[PDB]
Amino acid sequence: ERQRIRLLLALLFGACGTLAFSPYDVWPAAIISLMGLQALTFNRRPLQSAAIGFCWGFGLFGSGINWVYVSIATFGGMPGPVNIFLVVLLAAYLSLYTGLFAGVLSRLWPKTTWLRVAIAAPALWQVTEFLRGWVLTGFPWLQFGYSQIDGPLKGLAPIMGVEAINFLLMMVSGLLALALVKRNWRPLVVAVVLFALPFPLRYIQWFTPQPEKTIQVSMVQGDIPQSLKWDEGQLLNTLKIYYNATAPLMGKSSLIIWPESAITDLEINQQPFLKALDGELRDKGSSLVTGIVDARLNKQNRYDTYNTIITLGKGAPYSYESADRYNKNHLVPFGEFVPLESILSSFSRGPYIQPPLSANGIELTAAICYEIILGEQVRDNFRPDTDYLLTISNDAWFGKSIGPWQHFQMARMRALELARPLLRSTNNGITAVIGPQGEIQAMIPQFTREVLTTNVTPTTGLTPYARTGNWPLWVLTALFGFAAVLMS
Ligand SMILES: CCCCCCCCCCCCO[C@@H]1O[C@H](CO)[C@@H](O[C@H]2O[C@H](CO)[C@@H](O)[C@H](O)[C@H]2O)[C@H](O)[C@H]1O
């Protein structure tokens, strides 16, 4: 048991946690990876244990974030070998937080007691992962709470959020890392009863369906090549693609959805098309919701370029100044704007709170692409009278990789936390309809030009996570943190 070998063990145990997420959905690999990280940091100095946490997260992020390489294969045009260093530094920067959790736990709790692994680690894991999702803009990717979307602890999610499952998974795997090292038989069962108490919670229908307001919703997946997506011209076909695919559905569907940045043009430059399209949807009796880029003039006669969603048709008449839209708030850290003080067009940030959308008597809370993984921001924009959850994205990058599935698995948790049907539309990613409990009602394969049409029923409940948020976990994190820190 030297310092050299424990680095390679955490490197592989970190890669074990990758299997916990989609498409693998091996949720025990989360507990196994949590046990491998929590046990390898026993009776060590902080500076040598931080190397284990740095090598553990580097195995986790090095296996679950490697799909960002093909993201640069389309944007940027780099020679190749430089993109690989970015993934390492991206994993290194994210591993600094994993190493920050391993170093602090070794300074205050060098003793291998149940207090460290069942009280301190679940609370410190909350503050560590939160800082990794707060510094700069935030990147809370690969949280083992999302692995329980198809697992046992899914009943605990609508009560205290996805981050609270990270708390209990660390709390269970902590007592599981105890009984595996100390060979004691008590915390093994104490881990299970704390793991078994949230199991009877996955049969509680917090919501209530409204079968009368059942509608037929259609969502279009145009499958536009990313190499020709933003190309000048060619968009005459893209509009002809959607319209020839949307027109036969305008008469009978009550709501039609197009993905993010579907119309590759400024909103002001395609006005004669939308005024003609809106007037046709009203005759048929349907509502259309699509995403488009907006270069809007501010009061200072300067343009703020936004990533926007607009509404058309019956129940939502079109207008360039209409309040029935949604601007992107949480921007991509480097795909749109620059976060640093200075360098060495930029997208503008929208409001943090926006009223839900409207379309033929339907209330929809929106979230563009990356914004769906922010459970607290989705909860804040959420309103009681909301009929469905809505999310549109463009996963053209990360092609043929495991990226979109990890992204897709996190979006299902938002429907479970809020008990609302989640409608998701993408360019070539996982386009599906998710029920109020993370169940996949319908889904179509990737890399295809198809249209998804199904029936949905709204809900009108209020989950404990919708009333409260992640603060009940912070209280449990505070009490677990305030009590365990004082002892040292
Ligand atoms: C053939 C279907 C199975 C594909 C298997 C991919 C490997 C299994 C998953 C390992 C983790 C993700 O693995 C990732 O997969 C992508 C996508 O194919 C591959 O990526 C590589 O091939 C793809 C084409 O598919 C290129 O566009 C990309 O620039 C290149 O890096 C690499 O292998 C790895 O970056």
# chains A, B, ... in the order shown; residues from 1 in each chain; ligands from 1
$ residues_near_ligand --ligand "ligand 1" --cutoff "10 Å" --atoms "only C-alpha atoms and all ligand atoms" --output "PyMOL selection string"
chain A and resi 18+62-74+80+84+397-403
$ write_last_selection --atoms "N, CA, C and O atoms" --output "PDB file, in the first residue's frame"
ATOM      1  N   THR A  18     -18.156   6.418 -14.393  1.00  0.00           N
ATOM      2  CA  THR A  18     -18.700   6.759 -15.703  1.00  0.00           C
ATOM      3  C   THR A  18     -19.819   5.807 -16.108  1.00  0.00           C
ATOM      4  O   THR A  18     -20.783   6.222 -16.762  1.00  0.00           O
ATOM      5  N   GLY A  62     -12.028  12.108 -17.154  1.00  0.00           N
ATOM      6  CA  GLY A  62     -11.281  11.674 -18.321  1.00  0.00           C
ATOM      7  C   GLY A  62     -12.006  10.645 -19.163  1.00  0.00           C
ATOM      8  O   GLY A  62     -11.631  10.423 -20.319  1.00  0.00           O
ATOM      9  N   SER A  63     -13.041  10.013 -18.610  1.00  0.00           N
ATOM     10  CA  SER A  63     -13.825   9.025 -19.333  1.00  0.00           C
ATOM     11  C   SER A  63     -15.224   9.499 -19.691  1.00  0.00           C
ATOM     12  O   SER A  63     -15.832   8.933 -20.604  1.00  0.00           O
ATOM     13  N   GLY A  64     -15.743  10.518 -19.009  1.00  0.00           N
ATOM     14  CA  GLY A  64     -17.100  10.971 -19.246  1.00  0.00           C
ATOM     15  C   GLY A  64     -17.197  12.314 -19.941  1.00  0.00           C
ATOM     16  O   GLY A  64     -18.289  12.733 -20.334  1.00  0.00           O
ATOM     17  N   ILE A  65     -16.067  13.003 -20.094  1.00  0.00           N
ATOM     18  CA  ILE A  65     -16.018  14.301 -20.757  1.00  0.00           C
ATOM     19  C   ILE A  65     -15.196  14.267 -22.038  1.00  0.00           C
ATOM     20  O   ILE A  65     -15.094  15.290 -22.723  1.00  0.00           O
ATOM     21  N   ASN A  66     -14.624  13.115 -22.396  1.00  0.00           N
ATOM     22  CA  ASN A  66     -13.774  13.024 -23.578  1.00  0.00           C
ATOM     23  C   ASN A  66     -14.516  13.326 -24.876  1.00  0.00           C
ATOM     24  O   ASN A  66     -13.866  13.483 -25.914  1.00  0.00           O
ATOM     25  N   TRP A  67     -15.848  13.414 -24.847  1.00  0.00           N
ATOM     26  CA  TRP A  67     -16.609  13.714 -26.055  1.00  0.00           C
ATOM     27  C   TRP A  67     -16.524  15.178 -26.462  1.00  0.00           C
ATOM     28  O   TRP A  67     -17.016  15.530 -27.540  1.00  0.00           O
ATOM     29  N   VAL A  68     -15.918  16.038 -25.639  1.00  0.00           N
ATOM     30  CA  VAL A  68     -15.727  17.431 -26.025  1.00  0.00           C
ATOM     31  C   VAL A  68     -14.666  17.595 -27.101  1.00  0.00           C
ATOM     32  O   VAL A  68     -14.514  18.696 -27.642  1.00  0.00           O
ATOM     33  N   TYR A  69     -13.928  16.531 -27.422  1.00  0.00           N
ATOM     34  CA  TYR A  69     -12.930  16.610 -28.484  1.00  0.00           C
ATOM     35  C   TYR A  69     -13.594  16.745 -29.849  1.00  0.00           C
ATOM     36  O   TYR A  69     -13.221  17.613 -30.648  1.00  0.00           O
ATOM     37  N   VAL A  70     -14.583  15.893 -30.136  1.00  0.00           N
ATOM     38  CA  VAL A  70     -15.288  15.978 -31.408  1.00  0.00           C
ATOM     39  C   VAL A  70     -16.156  17.229 -31.470  1.00  0.00           C
ATOM     40  O   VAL A  70     -16.602  17.622 -32.556  1.00  0.00           O
ATOM     41  N   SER A  71     -16.408  17.871 -30.325  1.00  0.00           N
ATOM     42  CA  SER A  71     -17.068  19.173 -30.335  1.00  0.00           C
ATOM     43  C   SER A  71     -16.212  20.223 -31.029  1.00  0.00           C
ATOM     44  O   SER A  71     -16.744  21.124 -31.688  1.00  0.00           O
ATOM     45  N   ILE A  72     -14.886  20.123 -30.894  1.00  0.00           N
ATOM     46  CA  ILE A  72     -13.973  21.055 -31.548  1.00  0.00           C
ATOM     47  C   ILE A  72     -13.616  20.620 -32.963  1.00  0.00           C
ATOM     48  O   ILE A  72     -13.074  21.428 -33.734  1.00  0.00           O
ATOM     49  N   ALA A  73     -13.915  19.372 -33.337  1.00  0.00           N
ATOM     50  CA  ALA A  73     -13.674  18.901 -34.697  1.00  0.00           C
ATOM     51  C   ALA A  73     -14.533  19.616 -35.731  1.00  0.00           C
ATOM     52  O   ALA A  73     -14.247  19.509 -36.928  1.00  0.00           O
ATOM     53  N   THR A  74     -15.573  20.330 -35.305  1.00  0.00           N
ATOM     54  CA  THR A  74     -16.433  21.099 -36.195  1.00  0.00           C
ATOM     55  C   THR A  74     -16.288  22.601 -36.015  1.00  0.00           C
ATOM     56  O   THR A  74     -16.358  23.346 -36.996  1.00  0.00           O
ATOM     57  N   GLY A  80      -5.571  19.209 -34.005  1.00  0.00           N
ATOM     58  CA  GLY A  80      -5.866  17.952 -33.360  1.00  0.00           C
ATOM     59  C   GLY A  80      -5.205  17.782 -32.005  1.00  0.00           C
ATOM     60  O   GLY A  80      -5.876  17.720 -30.970  1.00  0.00           O
ATOM     61  N   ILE A  84      -6.619  17.741 -27.460  1.00  0.00           N
ATOM     62  CA  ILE A  84      -6.490  16.712 -26.434  1.00  0.00           C
ATOM     63  C   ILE A  84      -5.983  17.315 -25.130  1.00  0.00           C
ATOM     64  O   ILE A  84      -6.392  16.902 -24.039  1.00  0.00           O
ATOM     65  N   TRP A 397     -22.712  18.670 -32.366  1.00  0.00           N
ATOM     66  CA  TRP A 397     -21.437  18.268 -31.801  1.00  0.00           C
ATOM     67  C   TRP A 397     -21.663  17.159 -30.775  1.00  0.00           C
ATOM     68  O   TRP A 397     -22.790  16.881 -30.360  1.00  0.00           O
ATOM     69  N   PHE A 398     -20.563  16.526 -30.362  1.00  0.00           N
ATOM     70  CA  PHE A 398     -20.603  15.279 -29.590  1.00  0.00           C
ATOM     71  C   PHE A 398     -21.245  14.162 -30.412  1.00  0.00           C
ATOM     72  O   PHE A 398     -21.982  13.324 -29.887  1.00  0.00           O
ATOM     73  N   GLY A 399     -20.960  14.145 -31.712  1.00  0.00           N
ATOM     74  CA  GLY A 399     -21.625  13.205 -32.601  1.00  0.00           C
ATOM     75  C   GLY A 399     -21.170  11.773 -32.368  1.00  0.00           C
ATOM     76  O   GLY A 399     -19.980  11.489 -32.221  1.00  0.00           O
ATOM     77  N   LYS A 400     -22.146  10.860 -32.340  1.00  0.00           N
ATOM     78  CA  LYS A 400     -21.895   9.425 -32.178  1.00  0.00           C
ATOM     79  C   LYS A 400     -21.105   9.130 -30.906  1.00  0.00           C
ATOM     80  O   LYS A 400     -20.301   8.198 -30.860  1.00  0.00           O
ATOM     81  N   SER A 401     -21.333   9.916 -29.863  1.00  0.00           N
ATOM     82  CA  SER A 401     -20.612   9.773 -28.607  1.00  0.00           C
ATOM     83  C   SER A 401     -21.595   9.533 -27.467  1.00  0.00           C
ATOM     84  O   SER A 401     -22.812   9.456 -27.663  1.00  0.00           O
ATOM     85  N   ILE A 402     -21.043   9.413 -26.254  1.00  0.00           N
ATOM     86  CA  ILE A 402     -21.848   9.202 -25.057  1.00  0.00           C
ATOM     87  C   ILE A 402     -22.273  10.506 -24.404  1.00  0.00           C
ATOM     88  O   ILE A 402     -22.996  10.477 -23.398  1.00  0.00           O
ATOM     89  N   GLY A 403     -21.844  11.647 -24.937  1.00  0.00           N
ATOM     90  CA  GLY A 403     -22.177  12.939 -24.386  1.00  0.00           C
ATOM     91  C   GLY A 403     -23.668  13.190 -24.256  1.00  0.00           C
ATOM     92  O   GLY A 403     -24.183  13.412 -23.155  1.00  0.00           O
TER      93      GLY A 403
END
$ residues_around --residues "segment 174-179 of chain A" --least-positions-apart "2" --cutoff "6 Å" --atoms "only C-alpha atoms" --output "PyMOL selection string"
chain A and resi 35+39+117-118+170-172+181-184+187-188+191
$ write_last_selection --atoms "C-alpha atoms" --output "PDB file, in the first residue's frame"
ATOM      1  CA  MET A  35     -16.501   3.403  -2.243  1.00  0.00           C
ATOM      2  CA  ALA A  39     -11.693   4.085   0.967  1.00  0.00           C
ATOM      3  CA  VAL A 117     -17.845   8.717   6.043  1.00  0.00           C
ATOM      4  CA  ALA A 118     -21.517   9.009   7.081  1.00  0.00           C
ATOM      5  CA  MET A 170     -22.141   9.212  -0.386  1.00  0.00           C
ATOM      6  CA  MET A 171     -23.756   8.487   2.990  1.00  0.00           C
ATOM      7  CA  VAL A 172     -24.538   4.888   2.017  1.00  0.00           C
ATOM      8  CA  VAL A 181     -12.304  -1.681   5.436  1.00  0.00           C
ATOM      9  CA  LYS A 182     -12.936  -2.009   9.177  1.00  0.00           C
ATOM     10  CA  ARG A 183     -14.716  -5.337   8.451  1.00  0.00           C
ATOM     11  CA  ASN A 184     -17.388  -4.272  10.951  1.00  0.00           C
ATOM     12  CA  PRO A 187     -22.430   0.051   9.344  1.00  0.00           C
ATOM     13  CA  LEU A 188     -23.027  -2.362   6.454  1.00  0.00           C
ATOM     14  CA  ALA A 191     -25.904   1.854   5.073  1.00  0.00           C
TER      15      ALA A 191
END
$ select_by_dssp --residues "segment 278-312 of chain A" --states "alpha helix (DSSP H)" --output "PyMOL selection string"
chain A and resi 278-284
$ select_by_dssp --residues "segment 312-463 of chain A" --states "strand (DSSP E or B)" --output "PDB file with N, CA, C and O atoms, in the first residue's frame"
ATOM      1  N   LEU A 312     -45.810  30.909 -32.107  1.00  0.00           N
ATOM      2  CA  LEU A 312     -46.659  31.288 -33.227  1.00  0.00           C
ATOM      3  C   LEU A 312     -47.978  30.532 -33.144  1.00  0.00           C
ATOM      4  O   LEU A 312     -48.167  29.650 -32.301  1.00  0.00           O
ATOM      5  N   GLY A 313     -48.896  30.894 -34.035  1.00  0.00           N
ATOM      6  CA  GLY A 313     -50.120  30.138 -34.217  1.00  0.00           C
ATOM      7  C   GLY A 313     -51.226  30.484 -33.239  1.00  0.00           C
ATOM      8  O   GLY A 313     -51.216  31.504 -32.540  1.00  0.00           O
ATOM      9  N   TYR A 326     -38.615  33.441 -24.743  1.00  0.00           N
ATOM     10  CA  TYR A 326     -37.640  33.058 -23.728  1.00  0.00           C
ATOM     11  C   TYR A 326     -36.237  33.313 -24.259  1.00  0.00           C
ATOM     12  O   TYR A 326     -35.876  32.816 -25.329  1.00  0.00           O
ATOM     13  N   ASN A 327     -35.455  34.084 -23.508  1.00  0.00           N
ATOM     14  CA  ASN A 327     -34.056  34.326 -23.817  1.00  0.00           C
ATOM     15  C   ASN A 327     -33.170  33.424 -22.966  1.00  0.00           C
ATOM     16  O   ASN A 327     -33.514  33.069 -21.834  1.00  0.00           O
ATOM     17  N   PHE A 347     -22.687  36.797 -27.447  1.00  0.00           N
ATOM     18  CA  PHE A 347     -24.063  36.602 -27.015  1.00  0.00           C
ATOM     19  C   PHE A 347     -24.323  37.330 -25.704  1.00  0.00           C
ATOM     20  O   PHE A 347     -23.458  37.395 -24.825  1.00  0.00           O
ATOM     21  N   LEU A 357     -44.163  30.114 -21.046  1.00  0.00           N
ATOM     22  CA  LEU A 357     -44.701  30.358 -22.376  1.00  0.00           C
ATOM     23  C   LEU A 357     -46.191  30.026 -22.427  1.00  0.00           C
ATOM     24  O   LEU A 357     -46.759  29.421 -21.513  1.00  0.00           O
ATOM     25  N   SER A 358     -46.828  30.430 -23.525  1.00  0.00           N
ATOM     26  CA  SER A 358     -48.246  30.183 -23.740  1.00  0.00           C
ATOM     27  C   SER A 358     -48.472  29.769 -25.186  1.00  0.00           C
ATOM     28  O   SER A 358     -47.841  30.307 -26.099  1.00  0.00           O
ATOM     29  N   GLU A 363     -49.304  26.204 -20.735  1.00  0.00           N
ATOM     30  CA  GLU A 363     -48.219  26.893 -20.049  1.00  0.00           C
ATOM     31  C   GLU A 363     -46.970  26.023 -20.087  1.00  0.00           C
ATOM     32  O   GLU A 363     -47.014  24.851 -19.700  1.00  0.00           O
ATOM     33  N   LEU A 364     -45.860  26.596 -20.548  1.00  0.00           N
ATOM     34  CA  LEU A 364     -44.619  25.850 -20.726  1.00  0.00           C
ATOM     35  C   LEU A 364     -43.463  26.641 -20.137  1.00  0.00           C
ATOM     36  O   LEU A 364     -43.246  27.798 -20.512  1.00  0.00           O
ATOM     37  N   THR A 365     -42.724  26.019 -19.221  1.00  0.00           N
ATOM     38  CA  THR A 365     -41.484  26.582 -18.705  1.00  0.00           C
ATOM     39  C   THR A 365     -40.318  26.054 -19.531  1.00  0.00           C
ATOM     40  O   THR A 365     -40.166  24.840 -19.693  1.00  0.00           O
ATOM     41  N   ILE A 368     -33.071  26.273 -22.494  1.00  0.00           N
ATOM     42  CA  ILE A 368     -32.381  26.058 -23.761  1.00  0.00           C
ATOM     43  C   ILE A 368     -31.126  25.232 -23.511  1.00  0.00           C
ATOM     44  O   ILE A 368     -30.197  25.684 -22.835  1.00  0.00           O
ATOM     45  N   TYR A 388     -46.499  21.914 -19.060  1.00  0.00           N
ATOM     46  CA  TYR A 388     -45.430  20.995 -19.426  1.00  0.00           C
ATOM     47  C   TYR A 388     -44.079  21.673 -19.237  1.00  0.00           C
ATOM     48  O   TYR A 388     -43.976  22.902 -19.195  1.00  0.00           O
ATOM     49  N   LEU A 389     -43.041  20.849 -19.121  1.00  0.00           N
ATOM     50  CA  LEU A 389     -41.662  21.312 -19.179  1.00  0.00           C
ATOM     51  C   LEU A 389     -41.159  21.225 -20.614  1.00  0.00           C
ATOM     52  O   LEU A 389     -41.519  20.306 -21.357  1.00  0.00           O
ATOM     53  N   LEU A 390     -40.326  22.186 -21.004  1.00  0.00           N
ATOM     54  CA  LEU A 390     -39.847  22.281 -22.375  1.00  0.00           C
ATOM     55  C   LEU A 390     -38.344  22.517 -22.391  1.00  0.00           C
ATOM     56  O   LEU A 390     -37.817  23.294 -21.589  1.00  0.00           O
ATOM     57  N   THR A 391     -37.661  21.844 -23.315  1.00  0.00           N
ATOM     58  CA  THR A 391     -36.217  21.969 -23.465  1.00  0.00           C
ATOM     59  C   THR A 391     -35.848  21.663 -24.906  1.00  0.00           C
ATOM     60  O   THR A 391     -36.232  20.616 -25.433  1.00  0.00           O
ATOM     61  N   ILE A 392     -35.113  22.573 -25.539  1.00  0.00           N
ATOM     62  CA  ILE A 392     -34.610  22.374 -26.892  1.00  0.00           C
ATOM     63  C   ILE A 392     -33.097  22.547 -26.875  1.00  0.00           C
ATOM     64  O   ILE A 392     -32.565  23.379 -26.133  1.00  0.00           O
ATOM     65  N   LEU A 422     -41.967  16.456 -19.583  1.00  0.00           N
ATOM     66  CA  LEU A 422     -40.863  17.186 -20.195  1.00  0.00           C
ATOM     67  C   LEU A 422     -40.818  16.869 -21.685  1.00  0.00           C
ATOM     68  O   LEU A 422     -40.573  15.722 -22.073  1.00  0.00           O
ATOM     69  N   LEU A 423     -41.061  17.883 -22.509  1.00  0.00           N
ATOM     70  CA  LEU A 423     -40.955  17.766 -23.956  1.00  0.00           C
ATOM     71  C   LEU A 423     -39.569  18.235 -24.381  1.00  0.00           C
ATOM     72  O   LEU A 423     -39.175  19.368 -24.082  1.00  0.00           O
ATOM     73  N   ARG A 424     -38.831  17.370 -25.074  1.00  0.00           N
ATOM     74  CA  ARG A 424     -37.466  17.669 -25.490  1.00  0.00           C
ATOM     75  C   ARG A 424     -37.343  17.501 -26.997  1.00  0.00           C
ATOM     76  O   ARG A 424     -37.772  16.482 -27.548  1.00  0.00           O
ATOM     77  N   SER A 425     -36.757  18.501 -27.659  1.00  0.00           N
ATOM     78  CA  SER A 425     -36.569  18.507 -29.106  1.00  0.00           C
ATOM     79  C   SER A 425     -35.139  18.912 -29.428  1.00  0.00           C
ATOM     80  O   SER A 425     -34.642  19.913 -28.903  1.00  0.00           O
ATOM     81  N   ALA A 432     -37.188  13.062 -27.175  1.00  0.00           N
ATOM     82  CA  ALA A 432     -38.070  12.158 -26.453  1.00  0.00           C
ATOM     83  C   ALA A 432     -39.106  12.963 -25.685  1.00  0.00           C
ATOM     84  O   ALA A 432     -39.026  14.189 -25.581  1.00  0.00           O
ATOM     85  N   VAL A 433     -40.090  12.243 -25.149  1.00  0.00           N
ATOM     86  CA  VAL A 433     -41.090  12.790 -24.240  1.00  0.00           C
ATOM     87  C   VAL A 433     -40.955  12.048 -22.920  1.00  0.00           C
ATOM     88  O   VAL A 433     -41.097  10.818 -22.878  1.00  0.00           O
ATOM     89  N   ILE A 434     -40.681  12.785 -21.847  1.00  0.00           N
ATOM     90  CA  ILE A 434     -40.432  12.207 -20.531  1.00  0.00           C
ATOM     91  C   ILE A 434     -41.620  12.521 -19.633  1.00  0.00           C
ATOM     92  O   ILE A 434     -42.059  13.676 -19.552  1.00  0.00           O
ATOM     93  N   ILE A 440     -39.651   7.280 -20.056  1.00  0.00           N
ATOM     94  CA  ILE A 440     -39.610   7.662 -21.463  1.00  0.00           C
ATOM     95  C   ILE A 440     -40.921   7.218 -22.104  1.00  0.00           C
ATOM     96  O   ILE A 440     -41.133   6.025 -22.339  1.00  0.00           O
ATOM     97  N   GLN A 441     -41.808   8.177 -22.385  1.00  0.00           N
ATOM     98  CA  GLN A 441     -43.062   7.841 -23.056  1.00  0.00           C
ATOM     99  C   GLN A 441     -42.834   7.502 -24.523  1.00  0.00           C
ATOM    100  O   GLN A 441     -43.466   6.585 -25.059  1.00  0.00           O
ATOM    101  N   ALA A 442     -41.948   8.233 -25.190  1.00  0.00           N
ATOM    102  CA  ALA A 442     -41.638   7.957 -26.585  1.00  0.00           C
ATOM    103  C   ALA A 442     -40.249   8.492 -26.887  1.00  0.00           C
ATOM    104  O   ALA A 442     -39.754   9.395 -26.210  1.00  0.00           O
ATOM    105  N   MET A 443     -39.626   7.918 -27.912  1.00  0.00           N
ATOM    106  CA  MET A 443     -38.259   8.272 -28.267  1.00  0.00           C
ATOM    107  C   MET A 443     -37.971   7.768 -29.674  1.00  0.00           C
ATOM    108  O   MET A 443     -38.506   6.741 -30.099  1.00  0.00           O
ATOM    109  N   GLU A 450     -36.778  12.650 -38.802  1.00  0.00           N
ATOM    110  CA  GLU A 450     -38.111  12.153 -38.499  1.00  0.00           C
ATOM    111  C   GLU A 450     -38.862  13.176 -37.658  1.00  0.00           C
ATOM    112  O   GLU A 450     -38.304  14.182 -37.213  1.00  0.00           O
ATOM    113  N   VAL A 451     -40.145  12.904 -37.443  1.00  0.00           N
ATOM    114  CA  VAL A 451     -41.014  13.751 -36.635  1.00  0.00           C
ATOM    115  C   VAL A 451     -41.687  12.880 -35.585  1.00  0.00           C
ATOM    116  O   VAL A 451     -42.287  11.852 -35.918  1.00  0.00           O
ATOM    117  N   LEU A 452     -41.591  13.289 -34.324  1.00  0.00           N
ATOM    118  CA  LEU A 452     -42.176  12.556 -33.208  1.00  0.00           C
ATOM    119  C   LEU A 452     -43.551  13.132 -32.893  1.00  0.00           C
ATOM    120  O   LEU A 452     -43.682  14.335 -32.649  1.00  0.00           O
ATOM    121  N   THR A 453     -44.567  12.272 -32.894  1.00  0.00           N
ATOM    122  CA  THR A 453     -45.940  12.683 -32.626  1.00  0.00           C
ATOM    123  C   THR A 453     -46.551  11.720 -31.620  1.00  0.00           C
ATOM    124  O   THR A 453     -46.586  10.509 -31.860  1.00  0.00           O
ATOM    125  N   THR A 454     -47.029  12.257 -30.500  1.00  0.00           N
ATOM    126  CA  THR A 454     -47.642  11.446 -29.457  1.00  0.00           C
ATOM    127  C   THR A 454     -48.669  12.295 -28.719  1.00  0.00           C
ATOM    128  O   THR A 454     -48.914  13.455 -29.064  1.00  0.00           O
ATOM    129  N   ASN A 455     -49.277  11.702 -27.696  1.00  0.00           N
ATOM    130  CA  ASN A 455     -50.249  12.378 -26.852  1.00  0.00           C
ATOM    131  C   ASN A 455     -49.675  12.556 -25.453  1.00  0.00           C
ATOM    132  O   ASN A 455     -48.955  11.685 -24.952  1.00  0.00           O
ATOM    133  N   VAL A 456     -49.990  13.690 -24.827  1.00  0.00           N
ATOM    134  CA  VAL A 456     -49.518  13.999 -23.486  1.00  0.00           C
ATOM    135  C   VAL A 456     -50.684  14.519 -22.656  1.00  0.00           C
ATOM    136  O   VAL A 456     -51.684  15.013 -23.181  1.00  0.00           O
ATOM    137  N   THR A 459     -50.026  17.929 -15.817  1.00  0.00           N
ATOM    138  CA  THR A 459     -50.163  17.707 -14.385  1.00  0.00           C
ATOM    139  C   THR A 459     -50.269  19.060 -13.691  1.00  0.00           C
ATOM    140  O   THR A 459     -49.989  20.108 -14.281  1.00  0.00           O
TER     141      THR A 459
END
$ decode --residues "segment 163-211 of chain A" --atoms "C-alpha atoms" --output "mmCIF file, in the first residue's frame"
data_model
loop_
_atom_site.group_PDB
_atom_site.id
_atom_site.type_symbol
_atom_site.label_atom_id
_atom_site.label_comp_id
_atom_site.auth_asym_id
_atom_site.auth_seq_id
_atom_site.Cartn_x
_atom_site.Cartn_y
_atom_site.Cartn_z
ATOM 1 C CA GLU A 163 -28.053 16.766 -5.100
ATOM 2 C CA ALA A 164 -29.588 15.078 -2.036
ATOM 3 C CA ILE A 165 -29.177 11.691 -3.713
ATOM 4 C CA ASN A 166 -25.479 12.524 -4.008
ATOM 5 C CA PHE A 167 -25.706 13.099 -0.252
ATOM 6 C CA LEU A 168 -27.286 9.727 0.512
ATOM 7 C CA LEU A 169 -25.243 7.804 -2.067
ATOM 8 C CA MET A 170 -22.141 9.212 -0.386
ATOM 9 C CA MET A 171 -23.756 8.487 2.990
ATOM 10 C CA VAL A 172 -24.538 4.888 2.017
ATOM 11 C CA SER A 173 -21.268 4.284 0.153
ATOM 12 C CA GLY A 174 -19.501 5.856 3.133
ATOM 13 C CA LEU A 175 -20.870 3.274 5.549
ATOM 14 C CA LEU A 176 -20.262 0.744 2.760
ATOM 15 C CA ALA A 177 -16.640 1.906 2.554
ATOM 16 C CA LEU A 178 -16.479 1.517 6.344
ATOM 17 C CA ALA A 179 -17.753 -2.067 6.566
ATOM 18 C CA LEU A 180 -15.435 -3.030 3.695
ATOM 19 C CA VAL A 181 -12.304 -1.681 5.436
ATOM 20 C CA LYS A 182 -12.936 -2.009 9.177
ATOM 21 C CA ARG A 183 -14.716 -5.337 8.451
ATOM 22 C CA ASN A 184 -17.388 -4.272 10.951
ATOM 23 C CA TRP A 185 -20.854 -5.702 10.348
ATOM 24 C CA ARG A 186 -22.929 -2.852 11.820
ATOM 25 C CA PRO A 187 -22.430 0.051 9.344
ATOM 26 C CA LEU A 188 -23.027 -2.362 6.454
ATOM 27 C CA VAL A 189 -26.648 -2.682 7.581
ATOM 28 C CA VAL A 190 -26.820 0.975 8.662
ATOM 29 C CA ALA A 191 -25.904 1.854 5.073
ATOM 30 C CA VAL A 192 -28.756 -0.316 3.782
ATOM 31 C CA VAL A 193 -31.505 1.039 6.050
ATOM 32 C CA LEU A 194 -30.497 4.573 5.070
ATOM 33 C CA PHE A 195 -30.485 3.237 1.499
ATOM 34 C CA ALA A 196 -33.819 1.424 1.948
ATOM 35 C CA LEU A 197 -35.791 4.263 3.562
ATOM 36 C CA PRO A 198 -36.033 6.263 0.276
ATOM 37 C CA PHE A 199 -37.267 3.139 -1.540
ATOM 38 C CA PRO A 200 -40.977 3.317 -0.513
ATOM 39 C CA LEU A 201 -40.921 6.935 -1.764
ATOM 40 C CA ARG A 202 -40.908 6.005 -5.477
ATOM 41 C CA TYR A 203 -44.582 4.953 -5.351
ATOM 42 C CA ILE A 204 -45.870 8.397 -4.305
ATOM 43 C CA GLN A 205 -47.677 10.133 -7.179
ATOM 44 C CA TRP A 206 -47.121 13.714 -6.027
ATOM 45 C CA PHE A 207 -48.921 15.031 -9.124
ATOM 46 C CA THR A 208 -52.433 14.670 -10.571
ATOM 47 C CA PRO A 209 -53.107 14.169 -14.299
ATOM 48 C CA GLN A 210 -55.563 16.234 -16.344
ATOM 49 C CA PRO A 211 -56.839 13.785 -18.997
#
